[PDB]
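All remarks here apply to the structure that follows.
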Amino acid sequence: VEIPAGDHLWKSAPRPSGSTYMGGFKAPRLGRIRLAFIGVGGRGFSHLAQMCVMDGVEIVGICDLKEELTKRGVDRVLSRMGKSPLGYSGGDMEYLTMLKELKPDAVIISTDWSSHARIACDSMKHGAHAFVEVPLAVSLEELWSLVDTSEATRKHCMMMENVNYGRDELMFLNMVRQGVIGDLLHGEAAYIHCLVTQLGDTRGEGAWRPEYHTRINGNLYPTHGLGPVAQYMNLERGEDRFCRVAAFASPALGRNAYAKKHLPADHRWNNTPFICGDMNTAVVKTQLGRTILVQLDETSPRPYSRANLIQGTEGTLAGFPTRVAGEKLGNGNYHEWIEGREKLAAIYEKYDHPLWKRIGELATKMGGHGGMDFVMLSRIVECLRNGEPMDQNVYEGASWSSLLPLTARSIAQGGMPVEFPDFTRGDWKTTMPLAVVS
Amino acid sequence: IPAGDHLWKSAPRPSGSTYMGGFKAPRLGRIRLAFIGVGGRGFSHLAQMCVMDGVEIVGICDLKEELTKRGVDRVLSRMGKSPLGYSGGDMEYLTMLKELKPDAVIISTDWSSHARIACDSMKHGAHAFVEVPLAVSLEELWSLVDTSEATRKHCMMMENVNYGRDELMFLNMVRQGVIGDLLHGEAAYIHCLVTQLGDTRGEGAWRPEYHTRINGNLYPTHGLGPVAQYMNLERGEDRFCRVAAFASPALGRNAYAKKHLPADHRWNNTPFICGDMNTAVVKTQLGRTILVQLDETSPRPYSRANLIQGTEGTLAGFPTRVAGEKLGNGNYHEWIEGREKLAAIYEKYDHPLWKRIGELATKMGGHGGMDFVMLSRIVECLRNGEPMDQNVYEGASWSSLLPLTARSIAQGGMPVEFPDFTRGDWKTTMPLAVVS
Ligand SMILES: NC(=O)c1ccc[n+]([C@@H]2O[C@H](COP(=O)([O-])OP(=O)(O)OC[C@H]3O[C@@H](n4cnc5c(N)ncnc54)[C@H](O)[C@@H]3O)[C@@H](O)[C@H]2O)c1
Ligand SMILES: NC(=O)c1ccc[n+]([C@@H]2O[C@H](COP(=O)([O-])OP(=O)(O)OC[C@H]3O[C@@H](n4cnc5c(N)ncnc54)[C@H](O)[C@@H]3O)[C@@H](O)[C@H]2O)c1
Ligand SMILES: CC(=O)N[C@@H]1[C@@H](O)[C@@H](O)[C@@H](CO)O[C@@H]1O
Ligand SMILES: CC(=O)N[C@@H]1[C@@H](O)[C@@H](O)[C@@H](CO)O[C@@H]1O
C-alpha cells in the first residue's frame, strides 16, 4: 500500500488559461444519471444498495478487485432494477476499462485512501463526475491534482462527507444561518471512534487502514467532525477560509499494546511500530481569526464522538450529546444545556433543516448512519439531475482533507503552525456560501 | 498590569536557599492566621476557618474599612475573640504583618497584588496561601519561588478544584492504574462573567481590565490543577514542557459594552483584546497532551472539562462520566454517567479524603464542598508539619499558562518552553499520594 510520508506528504502553479474555477459550478443536467461504482466493499456496497431505489439513476457498471464483491453488487442491482450493470474485476487498473467502455456520467469511488486521487482524476479525465469517499486524498500533491483536474475537465469532484447531512448537523447549519448564536468565534471537531480491533482484520479496512498508523503521525481522518463546522463558518466560500493549523499528538501506545496482547509474536503489527499518537489534537486558525479544535483518536477505548461544537457570541451548539444553549433558545437561560429528547423537541420543531423535513423521514427508513447517507446521496442525485451546484465543492473537500498532511507536517516540525494552501487561488472571496437548501 | 514582553520575560538559586519540594514546616499546634483581602472570596475563607480547631484568626486586612469590620465581627461572633482589623491603604497589610507576625496568611486580593503581598508575608515569617492565579507574570512567579526557597516558608496557591469529589476520585482511579498509561488531558475554565463589565463593586473593579491588556489564558488553573496532578507533573514522573496558544476573535465584551454601557464609559473607549475563547495545547516531557481552554465571556454553561484519558479508559467531568475496560461491564462504547450508574463508581473509587471530610464539606459548602476540604487539608498539614498537597512549583507552573499562552499568541501560535521553576529538582520530588 503506497503511503506518502515525510516531505512528499506535505510538499507543493497558477491555473491554466483553459481551466475554470469550479466554485458554484453547474454541470449539464442529467435526467438519468448513468452511474458506476469503483470499489464495492462495505462502504461502496452501502451506496450501491441505497441508489438502486433512487429515481433518475441507472447503475451501469461495478468494479472491485474482488470478483465476488463485483458479483454481489451486480446481483443486487439486477434484483432491484431489472437490468444488470457490467461487472469488472481483477487488477487495480481494471476500472479504466470500465470508464472507457461505459462512459458513465458519474462514478462513486469507495476504495482505500491510497487510490482515491488517482481513480478520481482518471474518472474526470474520462468524462465522469467523481464522488469520492473520505478523506479526499492523502497528500497535498494529490489534493492539488484533483483540484487541477476538475478545473481542467470541468467535471464535478465532491468528497462524500455524509456528516454534514445529519439531522443535528443540518439543524445547526440552519440555526447558524439564521444568526441564532450571534457572531461565530470557535468550533470543535473530532473523530473519536475505537477502531483498534481492525488490527485483527486481514480483510476490509483492516487490510489497509492500520498501516497508515505505522507511517504518518497526524490526523488521518479529519473530515467527519470538521465538515459541518467548516460550512457553519462558510470556510472557503466568500466569508472566511482556513489559514493555519498547529498539530500535536499524544504518545503512540494503544495499537502497539493491542498487538502484543492479542496477536502472535510473528504478526506484522508486532514487528512494525505504530507511530501515530493515539489522540491527535490540532487547532485551526481561520482568516477571520476563528479557532477550530480538531481531534482524532481511533485507538483509545472510549465512546464515539464527532464533537460538532459551534460557538458564537450569543450561544453554543454541540453534539454528542446534542445540546444547545443561548439567549434566543428555550427560556434563554444559557447557564444550562437544553438537552435530552424532551427539551430538544421544541428545538427540532423550530429549527429542523427543511432538507431534513423533506428527506429525513425516508432517510431514517433507508438508514445509513441514521439517515445522513440517504440525504447526502439524494442531494447528489438532485444536483446532478437539476444541473445545480453541489453543496460541497472540490475546494472544501481538499481543504478539509488537507488537515491530514498539514497536521503531520506541523507535528514533524515540533508543533509549529503551518499555512493552508489556497486551492481556490484567491477565488474563495467570490464563492457563494452554502445556503439553507429548500 | 504587565503587558508585552514584561509579561513573559525573565538567576541561580542562592547557596543558602532550600528547594521546597516536599517541604515540612515546623508543627503548629496553634495556628495564628491572618487574612489579607476579605471581599467575596476572602470572607468565604474566613467564615469557614471559624469552625477549625487549633486556629486563631489574629488579623484581618482589606482596603475597605467596612469589609474589615464584617470579617472582624464574624470572627468575634463565631470564635469569641476579636482579631485586629486593618484598612485604609494598599500597604496597610505590612503593618499587620509587622504588628501581628502571623504564622500564616490567606491572600484573596485581586491578581495584581498576589505576588507582592505573598512575598512580603513570607519575608515577615508567615506561610502564604494565595488565591488563583498565583501571579500574572513570569518574574512575579520566579519571585515567589525564590522568596519561598530563601525564607523556607510555605507558598501554596489555593487551587480548590483539586479537592472536588470527582477530581479526588479521578486522582484515586488514576493512581490505581484504572485507565492504563496516561495519554491526554483536557482542562478548561468556561464561565460567563461578562456582566462584570457593568459591576463596579466586586471583581468588576479589577478583572475586566485584564481583557484590555492581555490576550491569553487569564485563568488557567481551575481545570488544569487536577489534570496536572493526575499526570504527576513537576513531581518526579513528568513536567510541563511546551505550550502553543490560540485565541478566537475578541468580540463579546466589546458588544456588551456598546449594548449596556454609555458611549463615554471606559469599556466603550478601551478595546477588549483578549479572545473570547482561548485554546492552548500543552506537551509534557513524557509526550502527553493537555488541552487548556478559557472562555469567561461567551454565554454557555459552566465547565472545567476535567478529562483525563489513558490507554484503558477515559474519565471526564461536566457531566461526570467514565468509560474503560475495567469500568462497569467494560463496554467502553457508552459512558457510565448519571446518578444511577455512577453510584457504583463512587462506592468503589471514592477518595478516602472525601469519605473522611466530604459529608461535613457538603454541609459547609463552598463550590460544593471542595473549599472546606482544601482548607481542612491546609490546617491539617500546618498542624501536623506535613507537606502541602500542592507545592509552590506546581502553583507557579499552572499559573505560568497565563504569560506563556500570551507569549505564544504574540508569536503567532509558536510553541513556547516552560521554565523549570524547580531548577531540575522536579526529578526527585515525590508525587502526591492518595492522602487519608
Ligand atoms: N463516510 C462514511 O461514513 C464511511 C464509512 C465507511 C468507510 N468510509 C470510507 O470509504 C472508503 C472505503 O471504506 P470500506 O469500509 O468500504 O473499506 P473496504 O476495504 O471494505 O472496501 C474497499 C474496496 O475498494 C476495492 N478497491 C481498492 N482499490 C481498487 C481499485 N483500484 N479498483 C477497484 N476496486 C478497488 C477493494 O477491492 C475493496 O473491496 C474508505 O475511504 C473509508 O474511509 C466512509
Ligand atoms: N478559588 C475560587 O474558587 C475563587 C472564587 C472567587 C474568587 N477567587 C479569586 O480570589 C481573588 C479575589 O477574588 P474576589 O472575588 O473576592 O474579588 P473582590 O474584588 O471581591 O475581593 C478582593 C478584595 O481584596 C482587597 N484588596 C485588594 N488589594 C488589597 C490590599 N493591598 N490590601 C488589602 N486588601 C486588598 C480588595 O479591597 C477587595 O475587597 C481573586 O484572585 C479571584 O480570582 C477564587
Ligand atoms: C460517520 C462515521 O463515523 N463514519 C465512520 C467511517 O468513516 C469509518 O471510519 C467506519 C470504520 O468502521 O466507521 C464509521 O462508520
Ligand atoms: C471553582 C471556580 O470555578 N471558581 C470561580 C472563581 O475562580 C471566580 O472566577 C468566580 C468569579 O465570580 O467564579 C467561580 O467561583
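Identifiers in this document derive from the order of the C-alpha cells: chains are assigned A, B, ..., residues are numbered from 1 separately in each chain, and ligands are numbered from 1 in order of occurrence.
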What residues of the protein or nucleic acid chains come within 6 Å of ligand 2 when you use only C-alpha atoms and all ligand atoms? Reply as a short mmCIF file (atom, residue, chain, number, x, y, z; two decimals) with N, CA, C and O atoms, in the first residue's frame.
```cif
data_model
loop_
_atom_site.label_atom_id
_atom_site.label_comp_id
_atom_site.auth_asym_id
_atom_site.auth_seq_id
_atom_site.Cartn_x
_atom_site.Cartn_y
_atom_site.Cartn_z
N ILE B 36 -5.71 38.71 54.30
CA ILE B 36 -5.42 39.91 53.52
C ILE B 36 -6.35 39.89 52.32
O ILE B 36 -6.23 39.03 51.45
N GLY B 37 -7.29 40.83 52.30
CA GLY B 37 -8.31 40.82 51.27
C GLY B 37 -9.49 40.00 51.72
O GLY B 37 -9.44 38.76 51.72
N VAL B 38 -10.57 40.67 52.13
CA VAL B 38 -11.76 39.96 52.56
C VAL B 38 -12.96 40.46 51.76
O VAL B 38 -13.94 40.98 52.32
N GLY B 39 -12.89 40.29 50.44
CA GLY B 39 -14.05 40.53 49.60
C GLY B 39 -14.87 39.26 49.56
O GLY B 39 -14.96 38.57 50.58
N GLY B 40 -15.44 38.92 48.41
CA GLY B 40 -16.24 37.70 48.33
C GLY B 40 -15.47 36.46 48.75
O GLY B 40 -15.89 35.72 49.63
N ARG B 41 -14.31 36.24 48.13
CA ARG B 41 -13.56 35.01 48.38
C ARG B 41 -12.91 35.02 49.76
O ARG B 41 -12.96 34.02 50.48
N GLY B 42 -12.27 36.13 50.13
CA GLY B 42 -11.62 36.20 51.43
C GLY B 42 -12.58 35.98 52.58
O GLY B 42 -12.28 35.26 53.53
N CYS B 61 -7.32 42.24 57.07
CA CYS B 61 -6.91 43.43 56.35
C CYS B 61 -7.62 43.53 55.01
O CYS B 61 -7.67 42.55 54.26
N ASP B 62 -8.15 44.71 54.72
CA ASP B 62 -8.78 44.98 53.43
C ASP B 62 -8.67 46.48 53.20
O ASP B 62 -8.57 47.26 54.15
N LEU B 63 -8.69 46.87 51.92
CA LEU B 63 -8.71 48.30 51.61
C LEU B 63 -9.94 48.96 52.22
O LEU B 63 -9.86 50.09 52.72
N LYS B 64 -11.07 48.27 52.18
CA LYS B 64 -12.34 48.84 52.62
C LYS B 64 -12.56 48.58 54.10
O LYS B 64 -12.56 47.42 54.55
N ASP B 90 -3.22 50.38 50.50
CA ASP B 90 -2.79 49.10 49.93
C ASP B 90 -1.48 48.58 50.53
O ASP B 90 -1.07 47.47 50.17
N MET B 91 -0.82 49.34 51.40
CA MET B 91 0.36 48.86 52.11
C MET B 91 0.07 48.63 53.59
O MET B 91 0.99 48.32 54.35
N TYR B 93 -1.40 46.15 54.87
CA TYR B 93 -1.16 44.75 55.22
C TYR B 93 0.24 44.56 55.81
O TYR B 93 0.46 43.63 56.59
N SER B 108 -6.45 36.86 49.43
CA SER B 108 -7.57 36.82 48.50
C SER B 108 -7.77 38.19 47.85
O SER B 108 -8.89 38.69 47.74
N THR B 109 -6.68 38.82 47.44
CA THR B 109 -6.78 40.12 46.79
C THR B 109 -6.97 39.91 45.29
O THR B 109 -7.08 38.79 44.80
N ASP B 110 -6.99 41.01 44.54
CA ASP B 110 -7.02 40.93 43.09
C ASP B 110 -5.67 40.42 42.59
O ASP B 110 -4.67 40.44 43.31
N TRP B 111 -5.67 39.96 41.33
CA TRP B 111 -4.50 39.30 40.77
C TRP B 111 -3.23 40.14 40.87
O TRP B 111 -2.14 39.61 41.08
N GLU B 131 -4.75 33.10 46.55
CA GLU B 131 -5.82 32.74 45.62
C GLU B 131 -5.27 32.66 44.19
O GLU B 131 -4.13 33.04 43.90
N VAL B 132 -6.10 32.12 43.31
CA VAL B 132 -5.74 31.86 41.91
C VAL B 132 -5.95 33.12 41.07
O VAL B 132 -6.81 33.95 41.40
N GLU B 159 -5.70 26.19 44.97
CA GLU B 159 -6.50 25.59 43.91
C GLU B 159 -7.48 24.62 44.55
O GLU B 159 -7.15 23.47 44.84
N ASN B 160 -8.72 25.09 44.74
CA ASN B 160 -9.72 24.31 45.44
C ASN B 160 -10.29 23.19 44.58
O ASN B 160 -10.77 22.19 45.14
N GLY B 202 -17.46 44.50 42.93
CA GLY B 202 -16.74 43.26 43.16
C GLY B 202 -15.58 43.09 42.21
O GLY B 202 -14.74 43.99 42.06
N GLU B 203 -15.50 41.90 41.60
CA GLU B 203 -14.45 41.61 40.63
C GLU B 203 -14.51 42.55 39.43
O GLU B 203 -13.51 42.71 38.73
#
```
Fill in: Given 7 Å and only C-alpha atoms and all ligand atoms, residues near ligand 3 as number ranges by chain
A: 134, 162-163, 195, 224, 369
Requested write-out: C-alpha atoms of the selected residues, as a PDB file, in the first residue's frame:
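See again02.pdb below for the written result:
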```
ATOM      1  CA  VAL A 134     -13.322  10.387   2.822  1.00  0.00           C
ATOM      2  CA  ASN A 162     -22.047  12.453   4.910  1.00  0.00           C
ATOM      3  CA  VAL A 163     -21.927  14.008   8.405  1.00  0.00           C
ATOM      4  CA  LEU A 195     -11.124   1.057  15.654  1.00  0.00           C
ATOM      5  CA  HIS A 224     -16.271  13.947   9.635  1.00  0.00           C
ATOM      6  CA  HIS A 369     -25.565   6.371   9.874  1.00  0.00           C
TER       7      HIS A 369
END
```
Please, which residues in chain B fall within 9 Å of ligand 4 when counting only C-alpha atoms and all ligand atoms, and what is the closest atom pair and distance in Å to one decimal for each, ordered by chain then residue number, as a Markdown table?
```
| residue | atom | partner | partner_atom_place_in_ligand_line | distance |
| --- | --- | --- | --- | --- |
| B:40 | CA | ligand 4 | 12 (O) | 8.7 |
| B:41 | CA | ligand 4 | 15 (O) | 8.3 |
| B:131 | CA | ligand 4 | 7 (O) | 8.4 |
| B:132 | CA | ligand 4 | 7 (O) | 6.7 |
| B:133 | CA | ligand 4 | 7 (O) | 8.5 |
| B:159 | CA | ligand 4 | 1 (C) | 8.2 |
| B:160 | CA | ligand 4 | 1 (C) | 6.6 |
| B:161 | CA | ligand 4 | 1 (C) | 5.7 |
| B:189 | CA | ligand 4 | 3 (O) | 7.0 |
| B:190 | CA | ligand 4 | 3 (O) | 8.4 |
| B:191 | CA | ligand 4 | 13 (O) | 7.3 |
| B:192 | CA | ligand 4 | 11 (C) | 9.0 |
| B:193 | CA | ligand 4 | 12 (O) | 6.8 |
| B:196 | CA | ligand 4 | 12 (O) | 8.6 |
| B:202 | CA | ligand 4 | 12 (O) | 8.7 |
| B:203 | CA | ligand 4 | 12 (O) | 7.1 |
| B:219 | CA | ligand 4 | 9 (O) | 7.7 |
| B:221 | CA | ligand 4 | 7 (O) | 8.8 |
| B:222 | CA | ligand 4 | 1 (C) | 6.2 |
| B:223 | CA | ligand 4 | 1 (C) | 8.7 |
| B:296 | CA | ligand 4 | 9 (O) | 8.2 |
| B:302 | CA | ligand 4 | 3 (O) | 8.1 |
| B:303 | CA | ligand 4 | 3 (O) | 8.2 |
| B:304 | CA | ligand 4 | 3 (O) | 7.7 |
| B:366 | CA | ligand 4 | 15 (O) | 8.8 |
| B:367 | CA | ligand 4 | 1 (C) | 6.2 |
| B:370 | CA | ligand 4 | 1 (C) | 8.6 |
| B:371 | CA | ligand 4 | 1 (C) | 8.8 |
```
**7 Å contacts from chain B to chain A using only C-alpha atoms, as a PyMOL selection string** = chain B and resi 183-184+247-249+252+287-289+298-302+311-314+323-324+332-335+413-415
Test item, alpha helix (DSSP H) assignment across segment 365-411 of chain A, answer as a PyMOL selection string: chain A and resi 365-366+372-386+394-401+403-411
note - atom CA of residue 236 of chain A and atom CA of residue 158 of chain A are separated by 14.4 Å
In segment 66-152 of chain A, DSSP strand (DSSP E) residues written as a list in words: residues 86, 87, 88, 106, 107, 108, 109, 129, 130, 131 and 132 of chain A
Which residues of chain A sit at most 9 Å from ligand 1, using only C-alpha atoms and all ligand atoms? Give each one's shortest atom pair and distance in Å (one decimal place), in chain and ascending residue order, as a Markdown table.
```
| residue | atom | partner | partner_atom_place_in_ligand_line | distance |
| --- | --- | --- | --- | --- |
| A:37 | CA | ligand 1 | 33 (C) | 8.6 |
| A:38 | CA | ligand 1 | 33 (C) | 5.0 |
| A:39 | CA | ligand 1 | 24 (O) | 3.5 |
| A:40 | CA | ligand 1 | 23 (C) | 5.3 |
| A:41 | CA | ligand 1 | 21 (O) | 3.5 |
| A:42 | CA | ligand 1 | 16 (O) | 3.8 |
| A:43 | CA | ligand 1 | 16 (O) | 3.7 |
| A:44 | CA | ligand 1 | 16 (O) | 5.6 |
| A:45 | CA | ligand 1 | 16 (O) | 7.6 |
| A:46 | CA | ligand 1 | 16 (O) | 8.5 |
| A:62 | CA | ligand 1 | 33 (C) | 8.7 |
| A:63 | CA | ligand 1 | 33 (C) | 5.2 |
| A:64 | CA | ligand 1 | 34 (N) | 3.5 |
| A:65 | CA | ligand 1 | 37 (O) | 4.0 |
| A:66 | CA | ligand 1 | 37 (O) | 5.2 |
| A:67 | CA | ligand 1 | 37 (O) | 8.7 |
| A:69 | CA | ligand 1 | 39 (O) | 6.8 |
| A:70 | CA | ligand 1 | 39 (O) | 8.7 |
| A:88 | CA | ligand 1 | 33 (C) | 8.3 |
| A:89 | CA | ligand 1 | 33 (C) | 7.1 |
| A:90 | CA | ligand 1 | 33 (C) | 8.1 |
| A:91 | CA | ligand 1 | 32 (N) | 6.9 |
| A:92 | CA | ligand 1 | 31 (N) | 3.5 |
| A:93 | CA | ligand 1 | 31 (N) | 5.6 |
| A:94 | CA | ligand 1 | 32 (N) | 6.5 |
| A:95 | CA | ligand 1 | 32 (N) | 5.7 |
| A:96 | CA | ligand 1 | 32 (N) | 8.9 |
| A:109 | CA | ligand 1 | 11 (C) | 7.8 |
| A:110 | CA | ligand 1 | 11 (C) | 4.5 |
| A:111 | CA | ligand 1 | 24 (O) | 3.4 |
| A:112 | CA | ligand 1 | 41 (O) | 4.8 |
| A:113 | CA | ligand 1 | 41 (O) | 4.9 |
| A:114 | CA | ligand 1 | 28 (N) | 8.2 |
| A:115 | CA | ligand 1 | 28 (N) | 6.2 |
| A:116 | CA | ligand 1 | 41 (O) | 7.6 |
| A:118 | CA | ligand 1 | 31 (N) | 8.8 |
| A:119 | CA | ligand 1 | 31 (N) | 7.0 |
| A:132 | CA | ligand 1 | 41 (O) | 8.0 |
| A:133 | CA | ligand 1 | 10 (O) | 4.8 |
| A:134 | CA | ligand 1 | 41 (O) | 4.9 |
| A:135 | CA | ligand 1 | 41 (O) | 6.1 |
| A:136 | CA | ligand 1 | 41 (O) | 8.0 |
| A:137 | CA | ligand 1 | 41 (O) | 8.9 |
| A:160 | CA | ligand 1 | 1 (N) | 6.4 |
| A:161 | CA | ligand 1 | 1 (N) | 5.8 |
| A:162 | CA | ligand 1 | 1 (N) | 5.5 |
| A:163 | CA | ligand 1 | 1 (N) | 7.4 |
| A:203 | CA | ligand 1 | 19 (O) | 6.6 |
| A:204 | CA | ligand 1 | 19 (O) | 3.6 |
| A:205 | CA | ligand 1 | 19 (O) | 4.4 |
| A:206 | CA | ligand 1 | 19 (O) | 7.4 |
| A:207 | CA | ligand 1 | 19 (O) | 6.7 |
| A:208 | CA | ligand 1 | 19 (O) | 7.1 |
| A:209 | CA | ligand 1 | 43 (O) | 8.3 |
| A:221 | CA | ligand 1 | 43 (O) | 7.7 |
| A:224 | CA | ligand 1 | 1 (N) | 7.6 |
| A:368 | CA | ligand 1 | 3 (O) | 8.0 |
| A:369 | CA | ligand 1 | 3 (O) | 7.0 |
| A:372 | CA | ligand 1 | 3 (O) | 8.9 |
| A:373 | CA | ligand 1 | 3 (O) | 7.6 |
```
